[PDB]
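Colleague: Dropping a structure here in structure tokens format, bear with me for questions.
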Amino acid sequence: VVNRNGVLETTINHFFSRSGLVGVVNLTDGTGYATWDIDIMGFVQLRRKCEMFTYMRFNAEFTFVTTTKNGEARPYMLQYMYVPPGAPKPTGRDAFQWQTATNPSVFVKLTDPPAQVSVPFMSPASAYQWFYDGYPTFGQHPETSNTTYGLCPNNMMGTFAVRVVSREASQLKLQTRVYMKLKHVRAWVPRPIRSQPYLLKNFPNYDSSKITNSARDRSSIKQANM
Amino acid sequence: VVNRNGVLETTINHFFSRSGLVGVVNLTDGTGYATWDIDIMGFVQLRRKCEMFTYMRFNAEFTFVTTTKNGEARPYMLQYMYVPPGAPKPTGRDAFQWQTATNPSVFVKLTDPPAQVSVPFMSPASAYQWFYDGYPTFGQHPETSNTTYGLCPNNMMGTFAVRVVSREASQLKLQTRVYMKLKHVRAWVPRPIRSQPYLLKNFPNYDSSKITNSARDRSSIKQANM
Amino acid sequence: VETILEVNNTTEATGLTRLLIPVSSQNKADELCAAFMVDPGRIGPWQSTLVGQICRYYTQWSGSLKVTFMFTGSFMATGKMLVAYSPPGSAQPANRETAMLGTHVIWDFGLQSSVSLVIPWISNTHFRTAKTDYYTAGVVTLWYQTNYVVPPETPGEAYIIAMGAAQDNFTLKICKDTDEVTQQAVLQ
Amino acid sequence: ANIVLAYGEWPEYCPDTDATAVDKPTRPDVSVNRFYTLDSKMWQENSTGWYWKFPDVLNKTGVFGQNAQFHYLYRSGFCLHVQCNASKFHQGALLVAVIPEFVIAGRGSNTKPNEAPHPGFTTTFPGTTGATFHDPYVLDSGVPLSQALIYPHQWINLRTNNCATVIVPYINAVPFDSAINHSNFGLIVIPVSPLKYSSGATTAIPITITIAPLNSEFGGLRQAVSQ
Amino acid sequence: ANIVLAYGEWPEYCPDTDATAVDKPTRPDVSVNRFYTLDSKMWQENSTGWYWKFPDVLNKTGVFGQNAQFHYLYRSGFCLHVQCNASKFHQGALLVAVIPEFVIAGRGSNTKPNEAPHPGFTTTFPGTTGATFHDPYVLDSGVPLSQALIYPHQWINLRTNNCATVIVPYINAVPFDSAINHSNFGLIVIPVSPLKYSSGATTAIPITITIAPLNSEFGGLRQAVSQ
């Protein structure tokens, strides 16, 4: 029929290249610092999209949007530090970890536009995989309180610390939201898209006592209501 | 006479390429979010210009100008989300819709310049049409309370939601004005320009008990006053 | 990729039986077996398929569709069926005489177990919106063309599995957040 | 007089590169492409005008009607011929015009859309008999009559001619459409100059409409539905 | 099995040099050239057979029916498909045959034509439901069944096949004909070998007919008459 409709929107890169909420970090500055374990299966909207495939390799872009409880934007200085695995974790608002000499950091004001950085593919394996069928250790693997059955140690990427650069306590209750965008993406082994509600961040558990049907019920098979 | 006067100003693109008031959205943040159904026949100045033609195809540019009741510009963060048809509508200031992972969004401060984005031609038909003579359904079409006689389902383009990105209630009364500019325009089937006052946003109704004359009255046909 | 439809999406069926359409011997002739809507983003059987789930991520869709029917019974049972797609304009057809005026396939059982019905994309606009009246594409119905005939010492009931998919000319337009996830807190 | 070609374009079949639905359409082309005559209207001294919404006037007459209510998609152009004759001592003038997407407006002063008046179905889709104008001056839609010369149109001036013919192609935003749900255009006949004569002249002046649907295409065959 | 081409000839449009009426005929050709399914018949242990007179079975269904009762002259060929299936433990045989000019004979012993019995209209022109045979042995016409193999025919032997298909051209002494007044041929289905099975086997055996009118021509357009 000489069809000219357009199929470019259906590619993986255009499907995955849009920022989405990944993390929320709460700071009291009453401790003086907050930390967050980088793990992006905490929110369901990005999790459902990412778990349609078994293997995924991509670069990322992280944006940080920080506000207060009331929403004001008073001018303060904040330090964002990325602490890779192994490196010491900051212990106070003035500890020796905050003089970052090899670690990357971003100094940003609360009145500034949201901060934005680029991150490469950082896995010791060849791709990030969300499903790892096995244990990361030779052992006995007890049959009651199992855990460690879906660790995938190839996915552990360190922590994110945030502090208020100040002489003393600033008495500021802050909330920073971390938005991630996928760039230069490749994917392998598509899987069924989850139908059951999520329960845990790191496990695929579902409520067996309450299973939801994948299609809404209708009165009879001879109607066309549902 | 060798006339060199210039006619470029009279083209459709130069006639239609100027921002105009399209929408006004009021937020109380006392709910915590506001929504607006995208429909641009709510204000008469752009409506009269757009209804001089039957069919119109164009791209658009949307600008958002947000202020308070007194007019102050205190620094807060706002999220603008576009929710296409079918997608869930946000239910609270902290609901799961606001972690936009496939939907487009703009985070903007009240102290920032007005936000500005570009929008393509998004209709399932080949052009937007303001006059649709018929009903979008096979049925009985009752003769008393009719409605649905000018739906034009090819023109339904989703909603716009706005919220204050904050930990809790910010107690801010906001008003955001949406200005639209037409770009890369084409038009078909010119029509008479409306003479009667407008009454409804989606219907062409007019007051039959009070019809206004298209020309102002003068005393006699032999004078030249009016 | 072809994927099973939950056609038996009623209250009585739970578990795997929601994917099985029963077929037995009739004695009233020209009887109706099944019917369902052909909109992939609509609630109903298509909700259980992959193409439906992906179409729920977009605002507009276009192109033709395919439904394959696979008969499961003994080697000795046989029969014929009429599988009919009807474009919009009226309620679901009430008899096979009305249903056969649309697009249809007559399918007999044999060595080949499955048949294919192509829904051919008869629309007026280049795109359709997944419930965003002026859309919905018609209804698919499944009727007994002759009967279900079996010899003695053989079960009188069998099943049919339906499997839905897109086609070469299928395409989608305008990405959006789906409506099949729910958020209440932050751990899930 | 002459013949008006609306927008200077002849009707045609929907070509390649412009079609969306994929199936072979039907073209009867002799039993649908012919002239149909409606029952006439009595032009009187205070008649306001009449209109016909066109992909429903023929929706119940002949092989065209049977095809229209059997198929789900339709597309064609039209030829319109209005006739009215009087003696050489009669005087008057009629404007005959074709309005694409002629949406009829409700007549009332209610500003809340929930309880605002709306035309009934018959007033919107009159069928074969048409409807009469309530307010010809505002074209029953809130727009002036004087500018209806922007539409393709003709005049029947009783001292000049007695026929008006317009050839019109298919106007729509989609290549095919439903003929039961959408009326592509309306035809309006209005006496802007009243009819006058003297005693002894005939007082029964009729106005008749004859139409021909050129280049008819139908598709999406199913059962017959007409509502 | 195979497909029978009646007399080894495909259907076709009426050519030049063979036409008499001078006007352009209509050819819908997609909305009339399609498959129509009738309601089925219950084959029982003592069924005698059924028949359908063909340019009236489709005379009231669909766009074909509308064209037939709007136009005065008709001409087309047909494709006939009879379906009946049973298990591998059933046995029987059906003869399916096409009889051109199948004139039904009255059954009685009156030698004076004035008061001789005659079939009623429905028995001659059954419509969509058909009629059952009173005397299959004499073909309800005084001629033997055994020689009906001279006509184009097929067998449905339950141990061999379950379908019978005949492609038949237009047979007449005139190029065009009236479809309301003349039935060009009839289709007969008769169980010469009775249906047998054992306990536990299905007792409901249906027989279904599906037809396609290839190469349809109509002419002489006027109002719609069906009787």
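Colleague: At least 3 residues that are under 25 Å from residue C:94 (Cβ atoms) in each: list the helices (runs of 4 or more DSSP H) lying fully within region E:24-129 that qualify.
Modeller: Values: elements: E:54-57, E:62-70, E:121-124.
The qualifying helices (runs of 4 or more DSSP H) are E:62-70.
Colleague: Hey, could you check region D:60-94 for residues that are under 13 Å from the mean Cα position of the chain (by Cα) and buried (at least 22 other Cβ atoms within 10 Å of the Cβ) and say which is farthest from the other protein chains (Cβ to nearest Cβ)? If you could, list the steps in order and put the result at the bottom.
Modeller: Going residue by residue through region D:60-94, those that are under 13 Å from the mean Cα position of the chain (by Cα) are D:77-82.
Right, trim to buried (at least 22 other Cβ atoms within 10 Å of the Cβ) and you get D:77-78, D:80.
Values: D:77: 15, D:78: 15, D:80: 17 Å.
Only one residue fits best here, namely D:80.
Colleague: Within region C:134-161, restricting attention to residues that are under 23 Å from residue C:34 (Cα atoms) and within 14 Å of chain B (Cβ to nearest Cβ), which residue is surrounded by the most Cβ atoms within 10 Å (Cβ to Cβ)?
Modeller: Here the answer is C:138.
Colleague: Need pairs with beta-carbon distance below 7 Å; first residue at the interface with chain D (Cβ under 10 Å from one of its Cβ atoms) and buried (at least 20 other Cβ atoms within 10 Å of the Cβ) and within region C:96-118, second not basic (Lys, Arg) and not in a strand (DSSP E or B); sequence gap 6+ or separate chains.
Modeller: Short answer, once both residue conditions are applied: C:99/C:93; C:101/D:223; C:101/E:62; C:102/C:87; C:103/C:120.
Colleague: Residue C:179 - would you say it is of a type in the set (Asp, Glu) and more than 20 Å from the chain's Cα centre (by Cα)?
Modeller: Numbers: of a type in the set (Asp, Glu): yes; more than 20 Å from the chain's Cα centre (by Cα): yes.
Answer is yes for this residue.
Colleague: Ok, one more. Which condition from (1) surrounded by 22 or more Cβ atoms within 10 Å (Cβ to Cβ); (2) in contact with a helix residue (DSSP H, G or I) (Cβ under 9 Å, 6 or more places away or on another chain); (3) among the aliphatic types (A, V, I, L, M) is the one that residue D:38 breaks?
Modeller: Checking residue D:38 against (1) surrounded by 22 or more Cβ atoms within 10 Å (Cβ to Cβ); (2) in contact with a helix residue (DSSP H, G or I) (Cβ under 9 Å, 6 or more places away or on another chain); (3) among the aliphatic types (A, V, I, L, M), the one that fails is (1).
Colleague: Go through (1) away from chain B (no Cβ under 14 Å); (2) outside any strand (DSSP E or B); (3) farther than 30 Å from residue B:157 by Cβ one by one and return the number of the condition residue C:81 breaks.
Modeller: The number of the failed condition is (2).
Colleague: Please count how many residues of region A:69-104 are within 20 Å of residue A:166 (Cα to Cα) and in a strand (DSSP E or B).
Modeller: The qualifying residues number 6.
Colleague: Condition test on residue D:144, is it buried (at least 19 other Cβ atoms within 10 Å of the Cβ), within 12 Å of another protein chain (Cβ to nearest Cβ) and over 30 Å from residue D:227 (Cβ atoms)? Show your work before the answer.
Modeller: Values: buried (at least 19 other Cβ atoms within 10 Å of the Cβ): no; within 12 Å of another protein chain (Cβ to nearest Cβ): yes; over 30 Å from residue D:227 (Cβ atoms): yes.
So residue D:144 fails the test.
Colleague: Okay, moving on. Scan region A:158-200 residue by residue and report those that are of a type in the set (A, V, I, L, M) and at positive phi.
Modeller: Filtering region A:158-200 for residues of a type in the set (A, V, I, L, M) gives A:161-162, A:164-165, A:169, A:172, A:174, A:178, A:180, A:182, A:185, A:187, A:189, A:193, A:199-200.
Result: A:189, single match.
Colleague: Filter region B:107-154 for residues that are over 19 Å from the mean Cα position of the chain (by Cα) and in a strand (DSSP E or B); which is farthest from the other protein chains (Cβ to nearest Cβ)?
Modeller: B:108
Colleague: Ok, one more. Residues in region C:19-46 that are at the interface with chain A (Cβ under 9 Å from one of its Cβ atoms) and either under 20 Å from residue C:167 (Cβ atoms) or part of a loop (DSSP other than H, G, I, E, B) (or both): how many?
Modeller: 7
Colleague: Do we find that residue D:224 is within 26 Å of residue B:51 (Cα to Cα) and either surrounded by fewer than 17 Cβ atoms within 10 Å (Cβ to Cβ) or not charged (D, E, K, R) (or both) in this structure?
Modeller: Values: within 26 Å of residue B:51 (Cα to Cα): no; either surrounded by fewer than 17 Cβ atoms within 10 Å (Cβ to Cβ) or not charged (D, E, K, R) (or both): yes.
The answer is no for residue D:224.
Colleague: So, in region A:162-192, exactly how many residues are surrounded by 17 or more Cβ atoms within 10 Å (Cβ to Cβ), over 15 Å from the mean Cα position of the chain (by Cα) and of a type in the set (A, V, I, L, M)?
Modeller: Selection size over region A:162-192: 6.
Colleague: Within region C:1-17, can you find the residues that are surrounded by 10 or more Cβ atoms within 10 Å (Cβ to Cβ), more than 8 Å from chain A (Cβ to nearest Cβ) and aliphatic (A, V, I, L, M)?
Modeller: Correct list: C:4, C:5, C:13.
Colleague: Please go through region D:196-227 and give me each residue that is within 14 Å of another protein chain (Cβ to nearest Cβ) and charged (D, E, K, R), ordered by number.
Modeller: Across region D:196-227, the qualifying residues are D:217, D:222.
Colleague: If residue D:130 meets every condition in (1) more than 8 Å from chain B (Cβ to nearest Cβ); (2) on the phi < 0 side of the Ramachandran plot apart from one, which number is that one?
Modeller: (2)
For every residue, the table says whether it meets (1) assigned to a strand (DSSP E or B); (2) more than 10 Å from chain B (Cβ to nearest Cβ); (3) not polar (S, T, N, Q).
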{"residue": "A:23", "(1), (2), (3)": "yes, yes, yes"}
{"residue": "A:31", "(1), (2), (3)": "no, yes, no"}
{"residue": "A:34", "(1), (2), (3)": "yes, yes, yes"}
{"residue": "A:40", "(1), (2), (3)": "no, yes, yes"}
{"residue": "A:46", "(1), (2), (3)": "no, no, yes"}
{"residue": "A:56", "(1), (2), (3)": "yes, yes, yes"}
{"residue": "A:67", "(1), (2), (3)": "yes, no, no"}
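Colleague: Condition (residue is closer than 25 Å to residue D:71 by Cβ, part of a strand (DSSP E or B) and touching a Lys or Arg at 6+ places or on another chain (Cβ under 6 Å)) applied to region C:84-100: is it met by at least one residue? Talk me through it step by step, then tell me what you get.
Modeller: If we filter region C:84-100 for residues that are closer than 25 Å to residue D:71 by Cβ, which is where we start, we get C:84-100.
Cutting the leftovers down to part of a strand (DSSP E or B) gives us C:84-86.
Pick out the ones that are also touching a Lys or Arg at 6+ places or on another chain (Cβ under 6 Å) and you get C:86.
Scanning region C:84-100 turns up at least one residue that is closer than 25 Å to residue D:71 by Cβ, part of a strand (DSSP E or B) and touching a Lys or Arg at 6+ places or on another chain (Cβ under 6 Å).
Colleague: Report, by residue number, each residue of region E:1-12 that is away from every other protein chain (no Cβ under 14 Å) and either assigned to a loop (DSSP other than H, G, I, E, B) or surrounded by fewer than 16 Cβ atoms within 10 Å (Cβ to Cβ) (or both). It would help to see each step written out before you state the result.
Modeller: To start, the set of residues in region E:1-12 that are away from every other protein chain (no Cβ under 14 Å) comprises E:2-12.
Correct list: E:2, E:3, E:5, E:7, E:8, E:9, E:10, E:11, E:12.
Colleague: A follow-up question, please. Considering only region B:56-79, I want to know if a residue exists there that is within 25 Å of residue A:20 (Cβ to Cβ) and among the aliphatic types (A, V, I, L, M).
Modeller: Looking for residues that are within 25 Å of residue A:20 (Cβ to Cβ) and among the aliphatic types (A, V, I, L, M), one finds at least one in region B:56-79, hence yes.
Rundown of residues vs (1) closer than 18 Å to residue A:119 by Cβ; (2) among the small types (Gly, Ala, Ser); (3) under 24 Å from the mean Cα position of the chain (by Cα), yes/no style:
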{"position": "A:1", "(1), (2), (3)": "no, no, no"}
{"position": "A:16", "(1), (2), (3)": "yes, no, yes"}
{"position": "A:41", "(1), (2), (3)": "yes, no, yes"}
{"position": "A:88", "(1), (2), (3)": "no, no, yes"}
{"position": "A:95", "(1), (2), (3)": "no, yes, no"}
{"position": "A:101", "(1), (2), (3)": "no, yes, no"}
{"position": "A:104", "(1), (2), (3)": "yes, no, yes"}
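Colleague: Considering each residue of region D:154-178, count those that are among the aliphatic types (A, V, I, L, M) and closer than 15 Å to residue D:81 by Cβ, and give that number. Break it down stepwise before answering.
Modeller: Start the filter on region D:154-178 by keeping residues that are among the aliphatic types (A, V, I, L, M), which leaves D:156, D:158, D:164, D:166-168, D:171, D:173-174.
Next, from what is left, pick out any that are closer than 15 Å to residue D:81 by Cβ: D:156, D:164, D:166-168.
So the answer is 5.
Colleague: Still on this structure, I have one more. Considering (1) over 27 Å from residue E:220 (Cβ atoms); (2) surrounded by fewer than 21 Cβ atoms within 10 Å (Cβ to Cβ); (3) of a type in the set (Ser, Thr, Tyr); (4) out of contact with any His (no Cβ under 9 Å at 6 or more places or on another chain), say which one residue D:48 fails and leave the rest.
Modeller: If we test residue D:48 against (1) over 27 Å from residue E:220 (Cβ atoms); (2) surrounded by fewer than 21 Cβ atoms within 10 Å (Cβ to Cβ); (3) of a type in the set (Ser, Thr, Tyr); (4) out of contact with any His (no Cβ under 9 Å at 6 or more places or on another chain), just (4) comes out false.
Only the coordinates and a few stated rules stand behind these numbers; no lab work does. Note: ideal-geometry Cβ built from the backbone for every residue, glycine included; neighbour counts use all protein chains shown.
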